[PDB]
6 protein chains.
Amino acid sequence: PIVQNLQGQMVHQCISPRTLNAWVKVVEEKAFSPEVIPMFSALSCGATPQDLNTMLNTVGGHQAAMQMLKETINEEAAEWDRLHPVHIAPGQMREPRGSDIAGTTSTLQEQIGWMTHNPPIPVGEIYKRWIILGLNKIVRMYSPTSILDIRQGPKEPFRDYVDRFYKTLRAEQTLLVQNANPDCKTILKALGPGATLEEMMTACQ
Amino acid sequence: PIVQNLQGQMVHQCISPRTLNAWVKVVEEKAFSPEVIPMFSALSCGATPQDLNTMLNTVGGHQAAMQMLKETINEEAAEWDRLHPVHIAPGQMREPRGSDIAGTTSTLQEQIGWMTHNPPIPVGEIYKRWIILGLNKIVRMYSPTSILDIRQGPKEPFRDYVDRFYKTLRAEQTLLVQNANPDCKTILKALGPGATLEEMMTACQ
Amino acid sequence: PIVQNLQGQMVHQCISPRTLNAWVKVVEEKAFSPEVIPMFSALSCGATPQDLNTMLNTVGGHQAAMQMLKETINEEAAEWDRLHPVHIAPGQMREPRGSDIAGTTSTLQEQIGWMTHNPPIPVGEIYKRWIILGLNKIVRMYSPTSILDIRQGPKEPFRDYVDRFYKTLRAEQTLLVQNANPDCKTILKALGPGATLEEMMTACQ
Amino acid sequence: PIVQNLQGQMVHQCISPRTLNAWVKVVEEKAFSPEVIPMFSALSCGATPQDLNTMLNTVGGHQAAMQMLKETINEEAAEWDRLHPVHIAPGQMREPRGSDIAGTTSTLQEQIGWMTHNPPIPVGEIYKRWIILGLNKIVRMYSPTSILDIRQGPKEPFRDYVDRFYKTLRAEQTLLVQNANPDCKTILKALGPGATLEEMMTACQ
Amino acid sequence: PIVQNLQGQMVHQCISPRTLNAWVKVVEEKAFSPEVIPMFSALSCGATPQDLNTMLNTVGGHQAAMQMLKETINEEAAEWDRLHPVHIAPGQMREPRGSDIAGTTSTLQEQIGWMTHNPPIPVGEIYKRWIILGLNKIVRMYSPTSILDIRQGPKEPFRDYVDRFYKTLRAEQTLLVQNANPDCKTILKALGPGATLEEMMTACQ
Amino acid sequence: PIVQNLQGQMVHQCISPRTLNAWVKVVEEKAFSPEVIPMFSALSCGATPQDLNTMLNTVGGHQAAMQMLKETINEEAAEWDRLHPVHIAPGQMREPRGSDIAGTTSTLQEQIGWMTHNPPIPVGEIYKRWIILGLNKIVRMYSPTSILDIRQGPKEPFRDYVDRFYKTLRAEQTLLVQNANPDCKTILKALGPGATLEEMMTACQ
Ligand SMILES: O=P(O)(O)O[C@H]1[C@H](OP(=O)(O)O)[C@@H](OP(=O)(O)O)[C@H](OP(=O)(O)O)[C@@H](OP(=O)(O)O)[C@H]1OP(=O)(O)O
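By convention in this text, residue numbers begin from 1 on each chain and track the written sequence, not necessarily the entry numbering, and residues missing coordinates are not displayed. Following the order in which they are written, the chains are lettered starting with A and the ligands numbered starting with 1. The side-chain figures draw on all heavy atoms in the structure; neither hydrogens nor water molecules are used. Residues with missing side-chain atoms are left out of burial classes, side-chain pairs and their counts.

Header annotation of the entry names X-ray crystallography as the structure determination method and lists the resolution as 1.90 Å.

Here you go:
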């Protein structure tokens, strides 16, 4: 990553073993549950394209997902190249292409040079947006169940039903009342319209 | 978070993997037991709105609770907007709206700019107050038992009863004597009024 | 806590996740065994009143003990207010009351201001003394056995007996010879007076 | 490794116990699965030849692999010596030979001297390229199965098949359709040409 | 402890939770095996008397041992007071007594003042010598077996016997040949005098 | 150890609990497998003689080995004294003897003084060479099997045989073909001379 030292210049620091290990574990434990994406974003704070490639490449399973992600990255890179065509002056900074942003045709020195320029060309932030676009599609694809099949069981506590319902909506990126069991549905119908979630959960407790 | 370096300027630092992992674990282990709230407050010391959103978004379960929290945050944001209406001068700091404080319509650069201004606009401290308001309502809602149902068993040591009693009061946010078993109740009645808790526990040992 | 940086000014630092987790675990594992108190004192080195409240508030069980501690803290605060009455000049440091020292009516900024003043008002050290007074009473109360009931068994090695004896004395805050078994008691009587513990343990080995 | 301190000079730092332990574990757990190579590259960021030799030498098993790697390193060193022949001036920097780059005939002081020269001779980056060449050959050799033997089972979900297929291709460094089961193959044939992987996985879900 | 910062002044630093936890564990796992003493010495590098008392006081068991240690410390303190009698000038450093060195009648500020004086009065190093004197007596006392009872079994490999023999000598602070079994004893007698341990172990392999 | 701070002077730092614990564990887990030696060398980077003695003394078992090591160290120290005889000028640096290099008759202050002198007397590097000489003899002695007894089993995969073969050669510090089973031996004989290990392993797969 690129960090500010104790004296206030932006410098390159090695990715820590703690960071590397945290990412690999979360993917092992959680696969592409939606909460993996904000964890990815937090663990890659200040990342260079080189560091982002490290994090993706260190994943050993889920290789269908990692191929789908490469495809998304190649589409965003090709759209970058459409919007930002490029033409080198000795000693001067060249303009990045899509494949430079994705870290496949650029060196770590060029990446640092772009990211610490005045004004900077935030190649790490741009690449991370492409990656997250790709990861969101994977989360959606790996979602096991439609929101239409989340219905409250006859003996299921309302809180447990709402937890399943919002967990599914999150992964898929009045239905709550419609899919409630007969007993809660009655209670909820009687609350009247524009009830908060707190009020519905209180009523059905 | 925003920290002071070794040379005494306020600078942005990445959220640590240690911090991220501590929060996720405590929610996995403790759910919305009341002691989770002072842990949240301690783990988010110096946080930007971006960092607070990271911590909330990295929770994978309890999605009914996290929806209730979004609702509370939207109410506080709307009250902010009532009290502090806003109208940009090139290069100058804009005034934050509710959604800027909650980190949904502001960038990390704007958040740092507000929090390190002279004088600062403590957007992270303001947002954290809204979050804690929301978390306290959740703790109260998830409290399993009324204080009225905490009564000392015929064979239950007085200390164990008092522990259950104050654990429940804490989550719900002379009753102690009234709910004691016959044997302790006698002892306690005879101590006379304005006995300390130490004196009651000593007497019933 | 308040620490000296690498350049020698006293500055505020966030409580670490390592510190927070160490305290919670030691209370989970050891409850109010006497050795918990020197651990508390070591983990709270340089603490502000805010940090001390964090550490106490993050404990989830033992809520009878934490209520007894609040009582002790309120007594010490009221005695502070007796000895040090208070009357604000724009921009000037106000004098702390008992409730300021205990961190309930003071901000973190005021606490840092007191603790780093020339000369300082060590509000964190004062509060920590009150807490430790309260914790010692709890250790004493939770002591399972009287020293009078620690007697050496007919087959118990003398070393194991002495370990139980001094473990109990520590928690309760010639008896050793009197409570020894017949065989050691004989040996010990014959050593004559003013024998060291090393000499008694050697003799009874 | 060679790192920049807080004041911006390139200095030598000891390899951390965290780094050493991370590498040894990943080799214990993953052997020569392909994802071990990007982990090696990330854990050896800024490494001297001495540090790279440490990491290789601390591996206790897989000694057939570590002998094959020595062979590859000796070939690259001999090609270095072909391209860059060498001839010492008192106090002056000598030119490195292949065996200097691999750290067997150079001291740590010479290695730092080369790597921090203006302009630098990046002996650590050169050696790491040789090592990675050698590691890729080992990954290929230890690949258990040909891509030709990865075929979708009659009851195997398409996603699980694609995961095995791309895991194998990765280690070996229209076949996907040809090796699909009869049911998916039909669906896939009907999609028409130039379907993305996302579209094939959606269709076969 | 007292450490040098990044800028080269000697300053006080809080004892780390890592240090505190390492000590407590090693005593839990190893009791007073001899290797506990060099671990104590390494974990207390730069310690103040306050820090040394922390480390001793955080031990929960072995209270017979910790009482024996207090006795040894009181003897060394009384001998200090014999050799170095003391008589305060406003603002000036007082001379330490035995009980000041052991940290019972001195403040942390006085301890830092002594240890960082020019020239320094190394109260932490002096106290640590007293503690180690006391710990060595405990190791000796807790030694389970006399060296006279370490004899090689008829089926015991010579290496395993030598390991037990030197483990015992270490704790107790030609016998090796005399206590060998008949078969090795013959081999060893025939080697002739002034054989190294390597030669004896080779011969008996 | 002696490290460079953030400002570029060589200063003494305490051995870390992480370092201490890593060494003790690796000896517990691996005994004197050959890979323990490069781990020792990496964990003792920048060590003073005091730090090296700490690491050796913290090992609790293998006391026959640690006695053999003391013997080797005493031989190297006596050869040092032969090559470098010594004769003190008030305030001046004395010349080190063998026992000074091994840290038994020198203080930590003298050791730092030598190691940071201009030019330095690298007492830590010299002692570490003696230790490693001693450790290599121990690895050799504890090697369980002769290379002559490593032969490929009739059902043993060639890769597994080569792993055992090079693991043994490493500890002992055309035989490969001679000790192969009949089936591989045939294949290998037919490859012709000067085949690489990669080619032999490919052929026998
Ligand atoms: O790995 P160790 O040598 O035991 O030391 C570590 C380590 O910090 P260093 O990288 O400076 O060694 C940690 O880093 P990670 O391995 O987790 O990346 C860190 O944990 P944090 O990341 O949360 O800082 C930590 O400190 P903590 O005590 O807060 O766990 C600390 O251990 P000690 O400071 O106790 O020695």
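Asker: Could you clarify how one ought to interpret the environment of E:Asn74 in this entry?
Answerer: Residue and element names in this part refer to chain E. For the purposes of this entry, the term helix denotes a DSSP run of H or I that reaches at least four residues, the term strand denotes a run of E that reaches at least two, and both are numbered from the N terminus. With respect to the secondary-structure elements, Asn 74 resides in helix α4 (residues 63-83). Residue classification places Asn 74 among the exposed positions, given a relative accessible area of 54%. Each C-alpha atom, one on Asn 74 and one on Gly 8, is 36 Å from the other, the two residues being 66 residues apart in sequence. Partly exposed describes any residue whose relative accessible area lies between the buried limit of under 20% and the exposed limit of over 50%, with all areas from a 1.4 Å probe on protein chains only and scaled to the type maximum.

Asker: What exactly am I supposed to notice about the interface of chain A and chain D here?
Answerer: Accessible area lost on assembly of the parts is the figure often given for the size of an interface. Any two residues whose heavy atoms approach within 4.5 Å are treated as being in contact. Residue-level contacts link 27 residues of chain A with 25 residues of chain D. Elements represented by at least two residues in the side of chain A that touches chain D include exactly β2 (10-12), α1 (17-30), α3 (49-57), α4 (63-83) and α7 (123-142) of chain A. Looking at which element gives the most residues to the side of chain A that touches chain D, the answer is α4(A), with six residues. Classifying every residue of the side of chain A that touches chain D gives 13 nonpolar, 10 polar and four charged. Residues are grouped as follows: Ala, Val, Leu, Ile, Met, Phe, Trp, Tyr, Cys and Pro are nonpolar; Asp, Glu, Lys and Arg are charged; every other residue, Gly included, is polar.

Asker: Sorry if this is basic, but what is going on with the relation of the copies chain A and chain B here?
Answerer: Two copies of one chain are present, and they are related through a rotation about an axis combined with an axial shift. The copies line up through least-squares superposition based on their C-alpha atoms. In screw terms, the move from chain A to chain B is a rotation of 60 degrees and a rise of 0.0 Å along the axis, fitting with an RMSD of 0.0 Å. On the angle and the small slide along the axis, the relation comes out as a six-fold axis. Residue A:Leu6, judged by its C-alpha, is the member of chain A lying nearest the rotation axis, at 5.7 Å.

Asker: Explain the interface of chain A and chain B here, please?
Answerer: Residue-level contacts link 25 residues of chain A with 27 residues of chain B. When contributions to the side of chain A that touches chain B are tallied by element, the ones reaching two or more residues are α1, α2 (36-43), α8 (158-172) and α11 (197-203) of chain A. With six residues, α8(A) is the largest single contributor of residues to the side of chain A that touches chain B. Grouping the constituent residues of the side of chain A that touches chain B by class yields 11 nonpolar, six polar and eight charged.

Asker: So what exactly am I meant to see when it comes to the domain arrangement of chain A here?
Answerer: Residues and elements named next belong to chain A. In this entry, domain limits derive from an automatic or database-based domain assignment. Here the domain parsing of chain A yields domain 1 (1-146) and domain 2 (147-205). Summarising the inter-unit geometry, the C-alpha centres of domain 1 and domain 2 are found 39 Å apart. In this assembly, domain 1 packs against domain 2 so that about 780 Å² is buried in total across both faces, 46% of it on carbon and sulfur atoms. Buried area is calculated as the accessible area (1.4 Å probe) missing from two parts once they are joined, with the contributions of both summed. Its largest share of buried area at the contact with domain 2, domain 1 owes to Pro 34, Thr 145 and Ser 146, together 57% of the area lost on that side. When a carboxyl oxygen of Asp or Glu is within 4 Å of a side-chain nitrogen of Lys or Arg, the pair counts as a salt bridge. At the surface where domain 1 touches domain 2, the tally comes to zero salt bridges. Polar contacts, as counted here, are pairs of nitrogen or oxygen atoms within 3.5 Å of one another; within protein the pair requires one atom able to donate a hydrogen and one able to accept it, and residues that are adjacent in sequence qualify only if both atoms are side-chain atoms. Applying the counting criterion to the domain 1 and domain 2 interface returns four residue pairs in polar contact. At three residues, the largest contribution of residues to the side of domain 1 that touches domain 2 is made by α7. Among the residues making up the side of domain 1 that touches domain 2, the classes are represented as three nonpolar, four polar and two charged.

Asker: What am I meant to see in the packing of helix α3 (residues 49-57) of chain C against helix α7 (residues 123-142) of chain C here?
Answerer: In a pair of packed helices, the angle between the axes and the distance between the axes together describe the arrangement. All names here are of chain C. Taken N-terminus to C-terminus, the directions of α3 and α7 make an angle of 30 degrees; their axes are 9 Å apart at the nearest point. Judged by the inter-axis angle, α3 sits roughly parallel to α7. Of the residues in α7, those in contact with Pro 49, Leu 52, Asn 53 and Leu 56 of α3 are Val 123, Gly 124, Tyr 127, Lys 128 and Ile 131. Class assignment for the residues of the contact of α3 with α7 results in six nonpolar, two polar and one charged. Only the stretch in contact is used when fitting a helix axis, every axis being a line fitted to C-alpha atoms; angles between N-to-C directions are given from 0 to 180 degrees. Just so you know how the angles are binned, under 35 degrees is roughly parallel, over 145 roughly antiparallel, 65 to 115 roughly perpendicular, and the rest oblique.

Asker: I'm lost on α4(A) in this one. Help?
Answerer: Think of an α-helix as turning once every 3.6 residues; residues three or four places apart then point the same way. What a helix should span is 1.5 Å times the count of its residues minus one. With 21 residues, α4(A) extends 31 Å from end C-alpha to end C-alpha; this agrees with the ideal 30 Å at 1.5 Å per step. The secondary structure elements touched by the buried residues of α4(A) are α3, α5 (98-101) and α7 of chain A together with α8 (158-172) and α11 (197-203) of chain D.

Asker: Would you take a moment to explain the nonpolar core for this structure?
Answerer: The nonpolar side chains of soluble globular proteins are, as a tendency, buried together. A:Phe158, B:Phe158, C:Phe158, D:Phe158, E:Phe158 and F:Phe158 are the most contacted members of the largest nonpolar core, which has 345 residues in total. In contact with F:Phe158, not counting residues within four places along its chain, are F:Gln152, F:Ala180, F:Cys184, F:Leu188, F:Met200, F:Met201 and F:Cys204. Note on terminology: a nonpolar core comprises buried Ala, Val, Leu, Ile, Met, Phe, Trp, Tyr and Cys residues joined through side-chain atoms within 4.5 Å.

Asker: Would you take a moment to explain the site of the ligand for this structure?
Answerer: Near the ligand, the surroundings consist of A:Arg18, B:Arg18, C:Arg18, D:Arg18, E:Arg18 and F:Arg18. Chain contributions to the surroundings of the ligand come from chains A, B, C, D, E and F. One nitrogen or oxygen atom from the side chain of E:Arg18 is found 3.0 Å from an oxygen atom belonging to the ligand. Only the protein chains shown count as cover for residues, with accessible areas throughout obtained via the Shrake-Rupley method and a probe of 1.4 Å. Alone, the ligand offers 650 Å² of accessible surface; in the complex the protein occludes 61% of this. Residues that form the shell around the ligand fall into these classes: no nonpolar, no polar and six charged. We call a residue near a molecule or strand as soon as one heavy atom of that residue lies within 4 Å of the molecule or strand.

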